[PDB]
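Text of coords06.pdb, listed as PDB, N, CA, C and O atoms:
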MODEL        1
ATOM      1  N   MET J   1       1.077   1.923  -0.288
ATOM      2  CA  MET J   1       1.590   3.299  -0.092
ATOM      3  C   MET J   1       0.441   4.273   0.143
ATOM      4  O   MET J   1       0.414   4.989   1.145
ATOM      5  N   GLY J   2      -0.508   4.299  -0.781
ATOM      6  CA  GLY J   2      -1.641   5.187  -0.650
ATOM      7  C   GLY J   2      -2.793   4.532   0.073
ATOM      8  O   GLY J   2      -3.146   4.926   1.187
ATOM      9  N   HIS J   3      -3.377   3.515  -0.542
ATOM     10  CA  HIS J   3      -4.509   2.831   0.059
ATOM     11  C   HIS J   3      -4.037   1.721   0.989
ATOM     12  O   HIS J   3      -3.865   0.575   0.576
ATOM     13  N   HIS J   4      -3.810   2.078   2.241
ATOM     14  CA  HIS J   4      -3.500   1.096   3.270
ATOM     15  C   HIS J   4      -4.712   0.923   4.171
ATOM     16  O   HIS J   4      -5.563   1.812   4.240
ATOM     17  N   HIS J   5      -4.807  -0.216   4.841
ATOM     18  CA  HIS J   5      -5.979  -0.510   5.659
ATOM     19  C   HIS J   5      -5.957   0.304   6.943
ATOM     20  O   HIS J   5      -5.350  -0.088   7.942
ATOM     21  N   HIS J   6      -6.602   1.455   6.891
ATOM     22  CA  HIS J   6      -6.703   2.344   8.034
ATOM     23  C   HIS J   6      -8.153   2.764   8.218
ATOM     24  O   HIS J   6      -8.682   3.553   7.432
ATOM     25  N   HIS J   7      -8.797   2.206   9.233
ATOM     26  CA  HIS J   7     -10.178   2.547   9.544
ATOM     27  C   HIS J   7     -10.254   4.012   9.946
ATOM     28  O   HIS J   7      -9.375   4.504  10.653
ATOM     29  N   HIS J   8     -11.280   4.709   9.466
ATOM     30  CA  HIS J   8     -11.467   6.119   9.788
ATOM     31  C   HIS J   8     -11.601   6.273  11.298
ATOM     32  O   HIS J   8     -12.630   5.924  11.874
ATOM     33  N   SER J   9     -10.541   6.769  11.926
ATOM     34  CA  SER J   9     -10.460   6.846  13.378
ATOM     35  C   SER J   9     -11.612   7.659  13.951
ATOM     36  O   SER J   9     -12.380   7.159  14.769
ATOM     37  N   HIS J  10     -11.743   8.898  13.513
ATOM     38  CA  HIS J  10     -12.878   9.708  13.910
ATOM     39  C   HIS J  10     -14.063   9.363  13.024
ATOM     40  O   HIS J  10     -14.217   9.919  11.941
ATOM     41  N   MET J  11     -14.880   8.422  13.464
ATOM     42  CA  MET J  11     -15.983   7.954  12.648
ATOM     43  C   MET J  11     -17.319   8.160  13.337
ATOM     44  O   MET J  11     -17.639   7.498  14.324
ATOM     45  N   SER J  12     -18.078   9.103  12.818
ATOM     46  CA  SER J  12     -19.469   9.271  13.192
ATOM     47  C   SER J  12     -20.322   8.969  11.965
ATOM     48  O   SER J  12     -21.501   9.323  11.881
ATOM     49  N   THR J  13     -19.675   8.311  11.011
ATOM     50  CA  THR J  13     -20.292   7.909   9.765
ATOM     51  C   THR J  13     -20.925   6.526   9.924
ATOM     52  O   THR J  13     -20.400   5.684  10.660
ATOM     53  N   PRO J  14     -22.067   6.279   9.268
ATOM     54  CA  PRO J  14     -22.692   4.955   9.256
ATOM     55  C   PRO J  14     -21.783   3.908   8.614
ATOM     56  O   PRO J  14     -20.903   4.240   7.812
ATOM     57  N   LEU J  15     -21.999   2.647   8.960
ATOM     58  CA  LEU J  15     -21.191   1.566   8.423
ATOM     59  C   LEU J  15     -21.729   1.190   7.047
ATOM     60  O   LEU J  15     -22.540   0.269   6.908
ATOM     61  N   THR J  16     -21.318   1.949   6.048
ATOM     62  CA  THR J  16     -21.772   1.754   4.684
ATOM     63  C   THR J  16     -20.671   2.180   3.718
ATOM     64  O   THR J  16     -19.871   3.062   4.036
ATOM     65  N   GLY J  17     -20.609   1.535   2.561
ATOM     66  CA  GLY J  17     -19.603   1.877   1.579
ATOM     67  C   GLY J  17     -20.213   2.319   0.267
ATOM     68  O   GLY J  17     -19.869   3.372  -0.263
ATOM     69  N   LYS J  18     -21.125   1.514  -0.257
ATOM     70  CA  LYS J  18     -21.764   1.810  -1.530
ATOM     71  C   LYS J  18     -23.246   1.454  -1.491
ATOM     72  O   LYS J  18     -23.625   0.322  -1.792
ATOM     73  N   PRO J  19     -24.093   2.402  -1.075
ATOM     74  CA  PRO J  19     -25.538   2.231  -1.088
ATOM     75  C   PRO J  19     -26.164   2.728  -2.393
ATOM     76  O   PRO J  19     -25.471   3.256  -3.265
ATOM     77  N   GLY J  20     -27.473   2.563  -2.520
ATOM     78  CA  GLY J  20     -28.174   3.033  -3.698
ATOM     79  C   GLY J  20     -29.094   4.189  -3.372
ATOM     80  O   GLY J  20     -30.067   4.445  -4.078
ATOM     81  N   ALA J  21     -28.779   4.875  -2.285
ATOM     82  CA  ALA J  21     -29.562   6.008  -1.822
ATOM     83  C   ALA J  21     -28.711   6.877  -0.909
ATOM     84  O   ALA J  21     -27.484   6.785  -0.936
ATOM     85  N   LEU J  22     -29.357   7.715  -0.115
ATOM     86  CA  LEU J  22     -28.655   8.574   0.829
ATOM     87  C   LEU J  22     -29.330   8.527   2.189
ATOM     88  O   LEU J  22     -30.541   8.307   2.276
ATOM     89  N   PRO J  23     -28.558   8.687   3.267
ATOM     90  CA  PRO J  23     -29.122   8.887   4.596
ATOM     91  C   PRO J  23     -29.742  10.275   4.711
ATOM     92  O   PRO J  23     -29.221  11.241   4.152
ATOM     93  N   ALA J  24     -30.839  10.382   5.443
ATOM     94  CA  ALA J  24     -31.569  11.642   5.549
ATOM     95  C   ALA J  24     -30.887  12.595   6.523
ATOM     96  O   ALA J  24     -31.453  13.615   6.907
ATOM     97  N   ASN J  25     -29.660  12.267   6.899
ATOM     98  CA  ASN J  25     -28.949  13.006   7.933
ATOM     99  C   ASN J  25     -27.634  13.558   7.386
ATOM    100  O   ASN J  25     -26.676  13.755   8.134
ATOM    101  N   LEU J  26     -27.609  13.823   6.082
ATOM    102  CA  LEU J  26     -26.398  14.282   5.395
ATOM    103  C   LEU J  26     -25.839  15.560   6.019
ATOM    104  O   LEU J  26     -24.641  15.664   6.277
ATOM    105  N   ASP J  27     -26.718  16.522   6.266
ATOM    106  CA  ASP J  27     -26.306  17.823   6.784
ATOM    107  C   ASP J  27     -25.821  17.715   8.227
ATOM    108  O   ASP J  27     -24.979  18.499   8.669
ATOM    109  N   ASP J  28     -26.327  16.724   8.951
ATOM    110  CA  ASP J  28     -25.943  16.529  10.346
ATOM    111  C   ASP J  28     -24.601  15.826  10.457
ATOM    112  O   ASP J  28     -23.999  15.782  11.532
ATOM    113  N   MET J  29     -24.128  15.272   9.353
ATOM    114  CA  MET J  29     -22.807  14.676   9.328
ATOM    115  C   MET J  29     -21.769  15.740   8.999
ATOM    116  O   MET J  29     -22.116  16.864   8.636
ATOM    117  N   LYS J  30     -20.503  15.390   9.136
ATOM    118  CA  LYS J  30     -19.426  16.347   8.935
ATOM    119  C   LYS J  30     -18.781  16.162   7.568
ATOM    120  O   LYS J  30     -19.127  15.240   6.828
ATOM    121  N   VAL J  31     -17.840  17.042   7.251
ATOM    122  CA  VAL J  31     -17.185  17.050   5.946
ATOM    123  C   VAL J  31     -16.487  15.721   5.654
ATOM    124  O   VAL J  31     -16.655  15.151   4.573
ATOM    125  N   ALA J  32     -15.723  15.219   6.619
ATOM    126  CA  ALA J  32     -14.976  13.982   6.429
ATOM    127  C   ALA J  32     -15.916  12.786   6.353
ATOM    128  O   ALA J  32     -15.648  11.818   5.639
ATOM    129  N   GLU J  33     -17.026  12.866   7.077
ATOM    130  CA  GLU J  33     -18.027  11.806   7.061
ATOM    131  C   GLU J  33     -18.647  11.705   5.669
ATOM    132  O   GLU J  33     -18.797  10.616   5.117
ATOM    133  N   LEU J  34     -18.985  12.859   5.101
ATOM    134  CA  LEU J  34     -19.550  12.926   3.757
ATOM    135  C   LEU J  34     -18.534  12.445   2.724
ATOM    136  O   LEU J  34     -18.886  11.776   1.749
ATOM    137  N   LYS J  35     -17.269  12.782   2.950
ATOM    138  CA  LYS J  35     -16.203  12.390   2.039
ATOM    139  C   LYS J  35     -16.018  10.878   2.028
ATOM    140  O   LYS J  35     -15.545  10.317   1.040
ATOM    141  N   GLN J  36     -16.400  10.220   3.119
ATOM    142  CA  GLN J  36     -16.336   8.766   3.188
ATOM    143  C   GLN J  36     -17.200   8.137   2.101
ATOM    144  O   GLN J  36     -16.752   7.234   1.397
ATOM    145  N   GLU J  37     -18.425   8.625   1.953
ATOM    146  CA  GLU J  37     -19.293   8.147   0.885
ATOM    147  C   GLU J  37     -18.730   8.532  -0.472
ATOM    148  O   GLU J  37     -18.664   7.709  -1.377
ATOM    149  N   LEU J  38     -18.309   9.781  -0.598
ATOM    150  CA  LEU J  38     -17.801  10.304  -1.863
ATOM    151  C   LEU J  38     -16.668   9.442  -2.421
ATOM    152  O   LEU J  38     -16.757   8.938  -3.538
ATOM    153  N   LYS J  39     -15.620   9.250  -1.632
ATOM    154  CA  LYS J  39     -14.433   8.541  -2.103
ATOM    155  C   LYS J  39     -14.737   7.071  -2.400
ATOM    156  O   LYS J  39     -14.070   6.446  -3.225
ATOM    157  N   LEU J  40     -15.747   6.526  -1.731
ATOM    158  CA  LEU J  40     -16.123   5.130  -1.922
ATOM    159  C   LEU J  40     -17.108   4.964  -3.080
ATOM    160  O   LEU J  40     -17.078   3.959  -3.791
ATOM    161  N   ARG J  41     -17.972   5.952  -3.278
ATOM    162  CA  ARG J  41     -19.009   5.875  -4.306
ATOM    163  C   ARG J  41     -18.556   6.538  -5.606
ATOM    164  O   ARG J  41     -19.383   6.857  -6.463
ATOM    165  N   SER J  42     -17.243   6.726  -5.746
ATOM    166  CA  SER J  42     -16.650   7.281  -6.963
ATOM    167  C   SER J  42     -17.078   8.733  -7.176
ATOM    168  O   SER J  42     -17.557   9.108  -8.246
ATOM    169  N   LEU J  43     -16.891   9.547  -6.152
ATOM    170  CA  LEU J  43     -17.245  10.955  -6.215
ATOM    171  C   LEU J  43     -16.076  11.829  -5.772
ATOM    172  O   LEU J  43     -15.442  11.559  -4.753
ATOM    173  N   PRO J  44     -15.767  12.887  -6.540
ATOM    174  CA  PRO J  44     -14.700  13.827  -6.193
ATOM    175  C   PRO J  44     -15.024  14.614  -4.923
ATOM    176  O   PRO J  44     -16.096  15.209  -4.802
ATOM    177  N   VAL J  45     -14.084  14.624  -3.987
ATOM    178  CA  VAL J  45     -14.290  15.267  -2.690
ATOM    179  C   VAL J  45     -13.873  16.739  -2.719
ATOM    180  O   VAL J  45     -13.758  17.384  -1.676
ATOM    181  N   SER J  46     -13.660  17.263  -3.916
ATOM    182  CA  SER J  46     -13.217  18.638  -4.095
ATOM    183  C   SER J  46     -14.379  19.618  -3.931
ATOM    184  O   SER J  46     -15.314  19.615  -4.730
ATOM    185  N   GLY J  47     -14.323  20.444  -2.894
ATOM    186  CA  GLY J  47     -15.348  21.449  -2.698
ATOM    187  C   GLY J  47     -15.689  21.668  -1.237
ATOM    188  O   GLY J  47     -14.928  21.281  -0.344
ATOM    189  N   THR J  48     -16.819  22.310  -0.992
ATOM    190  CA  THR J  48     -17.286  22.554   0.361
ATOM    191  C   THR J  48     -18.332  21.520   0.751
ATOM    192  O   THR J  48     -18.787  20.748  -0.091
ATOM    193  N   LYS J  49     -18.711  21.512   2.026
ATOM    194  CA  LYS J  49     -19.762  20.629   2.517
ATOM    195  C   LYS J  49     -21.042  20.832   1.710
ATOM    196  O   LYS J  49     -21.778  19.884   1.440
ATOM    197  N   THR J  50     -21.279  22.080   1.318
ATOM    198  CA  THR J  50     -22.414  22.429   0.479
ATOM    199  C   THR J  50     -22.383  21.630  -0.825
ATOM    200  O   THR J  50     -23.387  21.041  -1.230
ATOM    201  N   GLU J  51     -21.215  21.601  -1.461
ATOM    202  CA  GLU J  51     -21.021  20.841  -2.691
ATOM    203  C   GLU J  51     -21.151  19.348  -2.434
ATOM    204  O   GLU J  51     -21.764  18.633  -3.217
ATOM    205  N   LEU J  52     -20.578  18.888  -1.329
ATOM    206  CA  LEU J  52     -20.562  17.466  -1.002
ATOM    207  C   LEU J  52     -21.980  16.905  -0.931
ATOM    208  O   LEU J  52     -22.278  15.877  -1.537
ATOM    209  N   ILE J  53     -22.854  17.598  -0.209
ATOM    210  CA  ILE J  53     -24.237  17.162  -0.053
ATOM    211  C   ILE J  53     -24.961  17.150  -1.399
ATOM    212  O   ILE J  53     -25.622  16.173  -1.750
ATOM    213  N   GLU J  54     -24.812  18.233  -2.157
ATOM    214  CA  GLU J  54     -25.443  18.348  -3.469
ATOM    215  C   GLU J  54     -24.908  17.296  -4.432
ATOM    216  O   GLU J  54     -25.653  16.733  -5.230
ATOM    217  N   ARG J  55     -23.612  17.036  -4.347
ATOM    218  CA  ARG J  55     -22.961  16.071  -5.215
ATOM    219  C   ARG J  55     -23.452  14.663  -4.901
ATOM    220  O   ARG J  55     -23.680  13.856  -5.804
ATOM    221  N   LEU J  56     -23.625  14.381  -3.614
ATOM    222  CA  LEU J  56     -24.220  13.123  -3.180
ATOM    223  C   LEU J  56     -25.649  13.015  -3.695
ATOM    224  O   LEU J  56     -26.067  11.965  -4.183
ATOM    225  N   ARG J  57     -26.386  14.118  -3.594
ATOM    226  CA  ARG J  57     -27.765  14.173  -4.070
ATOM    227  C   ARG J  57     -27.843  13.869  -5.563
ATOM    228  O   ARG J  57     -28.707  13.123  -5.999
ATOM    229  N   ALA J  58     -26.925  14.437  -6.334
ATOM    230  CA  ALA J  58     -26.901  14.227  -7.780
ATOM    231  C   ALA J  58     -26.580  12.775  -8.129
ATOM    232  O   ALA J  58     -27.148  12.207  -9.065
ATOM    233  N   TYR J  59     -25.675  12.173  -7.367
ATOM    234  CA  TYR J  59     -25.281  10.786  -7.594
ATOM    235  C   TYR J  59     -26.397   9.843  -7.153
ATOM    236  O   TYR J  59     -26.473   8.694  -7.584
ATOM    237  N   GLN J  60     -27.253  10.341  -6.281
ATOM    238  CA  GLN J  60     -28.415   9.599  -5.820
ATOM    239  C   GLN J  60     -29.566   9.803  -6.806
ATOM    240  O   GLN J  60     -30.307   8.878  -7.127
ATOM    241  N   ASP J  61     -29.674  11.023  -7.312
ATOM    242  CA  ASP J  61     -30.778  11.421  -8.180
ATOM    243  C   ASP J  61     -30.812  10.604  -9.468
ATOM    244  O   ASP J  61     -31.884  10.322 -10.000
ATOM    245  N   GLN J  62     -29.641  10.209  -9.957
ATOM    246  CA  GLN J  62     -29.553   9.378 -11.161
ATOM    247  C   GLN J  62     -30.136   7.987 -10.908
ATOM    248  O   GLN J  62     -30.351   7.207 -11.838
ATOM    249  N   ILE J  63     -30.381   7.683  -9.641
ATOM    250  CA  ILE J  63     -31.000   6.426  -9.251
ATOM    251  C   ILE J  63     -32.494   6.640  -8.993
ATOM    252  O   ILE J  63     -33.291   5.702  -9.034
ATOM    253  N   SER J  64     -32.863   7.892  -8.759
ATOM    254  CA  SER J  64     -34.230   8.233  -8.401
ATOM    255  C   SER J  64     -35.042   8.655  -9.630
ATOM    256  O   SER J  64     -34.552   9.391 -10.487
ATOM    257  N   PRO J  65     -36.309   8.203  -9.721
ATOM    258  CA  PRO J  65     -37.212   8.550 -10.819
ATOM    259  C   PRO J  65     -37.875   9.913 -10.618
ATOM    260  O   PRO J  65     -38.972  10.163 -11.121
ATOM    261  N   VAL J  66     -37.209  10.786  -9.877
ATOM    262  CA  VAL J  66     -37.738  12.113  -9.600
ATOM    263  C   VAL J  66     -37.402  13.080 -10.738
ATOM    264  O   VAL J  66     -36.243  13.196 -11.154
ATOM    265  N   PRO J  67     -38.425  13.752 -11.287
ATOM    266  CA  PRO J  67     -38.271  14.655 -12.423
ATOM    267  C   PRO J  67     -38.090  16.126 -12.032
ATOM    268  O   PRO J  67     -37.869  16.977 -12.894
ATOM    269  N   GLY J  68     -38.177  16.425 -10.745
ATOM    270  CA  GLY J  68     -38.138  17.807 -10.306
ATOM    271  C   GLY J  68     -36.777  18.234  -9.791
ATOM    272  O   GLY J  68     -36.633  19.330  -9.243
ATOM    273  N   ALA J  69     -35.776  17.389  -9.973
ATOM    274  CA  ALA J  69     -34.438  17.685  -9.487
ATOM    275  C   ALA J  69     -33.421  17.623 -10.627
ATOM    276  O   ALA J  69     -33.691  17.019 -11.670
ATOM    277  N   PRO J  70     -32.257  18.279 -10.458
ATOM    278  CA  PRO J  70     -31.180  18.253 -11.452
ATOM    279  C   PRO J  70     -30.515  16.882 -11.525
ATOM    280  O   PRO J  70     -29.847  16.454 -10.582
ATOM    281  N   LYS J  71     -30.698  16.198 -12.645
ATOM    282  CA  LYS J  71     -30.184  14.849 -12.803
ATOM    283  C   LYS J  71     -28.806  14.887 -13.448
ATOM    284  O   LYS J  71     -28.539  15.723 -14.314
ATOM    285  N   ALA J  72     -27.930  13.996 -13.013
ATOM    286  CA  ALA J  72     -26.580  13.929 -13.546
ATOM    287  C   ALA J  72     -26.126  12.483 -13.673
ATOM    288  O   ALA J  72     -26.313  11.688 -12.753
ATOM    289  N   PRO J  73     -25.551  12.119 -14.828
ATOM    290  CA  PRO J  73     -25.016  10.778 -15.058
ATOM    291  C   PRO J  73     -23.638  10.595 -14.423
ATOM    292  O   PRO J  73     -23.223  11.386 -13.571
ATOM    293  N   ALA J  74     -22.930   9.553 -14.840
ATOM    294  CA  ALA J  74     -21.598   9.276 -14.324
ATOM    295  C   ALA J  74     -20.567  10.198 -14.968
ATOM    296  O   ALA J  74     -20.842  10.845 -15.980
ATOM    297  N   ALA J  75     -19.388  10.262 -14.371
ATOM    298  CA  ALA J  75     -18.317  11.100 -14.880
ATOM    299  C   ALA J  75     -17.031  10.295 -15.008
ATOM    300  O   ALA J  75     -16.445   9.938 -13.966
TER
ENDMDL
END

As structure tokens - that is how I would like this structure written.
Amino acid sequence: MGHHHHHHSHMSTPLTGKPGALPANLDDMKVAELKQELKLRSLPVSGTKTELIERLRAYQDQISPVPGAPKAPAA
């Protein structure tokens, strides 16, 4: 009913589902493209593109040993 096998028709998104990092082209992608990673990587798609990129960054940052960024665990 909900999750049926439907490939994202308008896809300018890379062929990836669950990576351990981020593509350096986040801002060049679109809202739905970013949401592809979000919904697959267990991230809420609620917000603006601004939030989406930052939210991806935070979910990436918990994997990164970088001390100069806002770190966030799982939710």

Can you list, as a ChimeraX atom specification, all residues belonging to chain J that DSSP tags as alpha helix (DSSP H)? /J:31-40,49-61

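Once the PyMOL selection byres (((chain J and resi 70 and name CA) around 10) and name CA) is applied to the shown structure, the selection contains residues 54, 57, 58, 61, 62, 66, 67, 68, 69, 71 and 72 of chain J.
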
Contacts of residue 16 (chain J) at 12 Å (only C-alpha atoms; same-chain gap of 2+ positions) as a PyMOL selection string: chain J and resi 11-14+18-23+33-34+36-38+40-41

Given only N, CA, C and O atoms as the basis, pick out the residue of J:46, J:59, J:39, J:9 nearest to residue 74 (chain J).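 Closest to residue 74 (chain J), using only N, CA, C and O atoms: J:59.
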
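Interatomic distance, atom O of residue 26 (chain J) against CA of residue 3 (chain J): 24.7 Å.
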
One decimal place gives the CA of residue 8 (chain J)-CA of residue 60 (chain J) separation as 23.3 Å

Using the chain letters and residue numbers of this document, give as a PyMOL selection string the residues selected by the PyMOL selection byres (((chain J and resi 50 and name CA) around 12) and name CA). chain J and resi 26-27+29-31+34-35+45-49+51-57

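CA of residue 73 (chain J) is found 12.2 Å from CA of residue 42 (chain J).
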
Listed atoms of region 27-35 of chain J boxed along x, y and z, 8 Å each side, centre and edge lengths in Å, one decimal, as JSON:
{"center_x": -20.8, "center_y": 14.4, "center_z": 6.3, "size_x": 27.7, "size_y": 24.2, "size_z": 26.5}
